[PDB]
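Q: kindly generate the corresponding structure for this input.
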Amino acid sequence: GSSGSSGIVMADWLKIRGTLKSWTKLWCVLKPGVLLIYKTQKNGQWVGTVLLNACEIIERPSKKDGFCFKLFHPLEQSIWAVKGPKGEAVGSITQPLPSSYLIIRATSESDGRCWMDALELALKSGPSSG
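A: Residues are numbered from 1 along each chain as shown. Sure, structure below:
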């Protein structure tokens, strides 16, 4: 359980696999048993939401490439919310994304380590349980 103050877990600029050509620095928001992603913090067109009902982290720092990881579902499920924050199918239409897994990138091994870590906790934190 992460008793910081607000429901949200953490928010930072994470890099996503550059399927277009260059990694995309989206605004990922770590929530309690959920993760949100937004094109930016300013406007915030929203990209999609990730569900952490019971996802795990394996990590993928690769040989030499800062630090990264992969969050997939062991019970083979959809790691995507039916809607979004404001109950919306989708916000914007950008690069393609996965369904089961989700590759993310952090700034420094630490950051990522905290991300890939918090995540594990988040899911292991449940949606405000008690």
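Q: C-alpha from now on. contacts and neighbour counts both.
A: Will do.
Q: okay, strands next: where are they in this structure?
A: 10-16, 24-31, 34-38, 48-51, 56-57, 68-72, 103-105 (DSSP state E).
Q: residue 121 is nearest to which of those strands?
A: strand 56-57 (9.2 Å; CA to CA).
Q: what does the closest one contact?
A: Strand 56-57 is contacted by residues 69-74, 116-117, 119-120, 123 when judged by CA atoms under 8 Å, 6 or more residues apart in numbering.
Q: could you redo the last one with a cut-off of 7 Å?
A: Contact with strand 56-57 is made by 69-73, 116, 120, as judged by CA atoms under 7 Å, 6 or more residues apart in numbering.
Q: need the strands of the chain in JSON lines (columns: mean neighbour count and distance to residue 94).
A: As requested, the strands of the chain are exported to JSON lines (neighbours: other CA atoms under 10 Å; distance: least, CA to CA, whole Å):
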{"stretch": "strand 10-16", "mean neighbour count": "18", "distance to residue 94": "12"}
{"stretch": "strand 24-31", "mean neighbour count": "22", "distance to residue 94": "10"}
{"stretch": "strand 34-38", "mean neighbour count": "22", "distance to residue 94": "11"}
{"stretch": "strand 48-51", "mean neighbour count": "23", "distance to residue 94": "10"}
{"stretch": "strand 56-57", "mean neighbour count": "19", "distance to residue 94": "25"}
{"stretch": "strand 68-72", "mean neighbour count": "21", "distance to residue 94": "20"}
{"stretch": "strand 103-105", "mean neighbour count": "22", "distance to residue 94": "16"}
